[PDB]
């Protein structure tokens, strides 16, 4: 994916709840690689991130209306790379 576009999408749509890769609303369920391993359905993969961004889960809204599939793929790439980089 395009992590540059991904970062822009993240700043506009995700950073309010996930700034610094954390999780405001559900504190343990962060975007850190270890938390993705534990708490994300399907584990630490771009595919699993795309699924959750697209459909939402619990307090996390769905982005399938607001974003295109390309935008979702790009933000997923950014999240995975940032997780691997420890935010």
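Positions refer to the first chain, counted from 1.
You'll see in the entry that, of 67, 14, 73, 25, the Cα B factor peaks at 25. In this PDB entry, residue 59 carries a Cα temperature factor that places it within the highest third of its chain's modelled residues.
Ranked by C-alpha B-factor against the other modelled residues of its chain, residue 45 falls in the highest third.
When the modelled residues of the chain are ordered by their C-alpha B factor, residue 77 lands in the lowest third.
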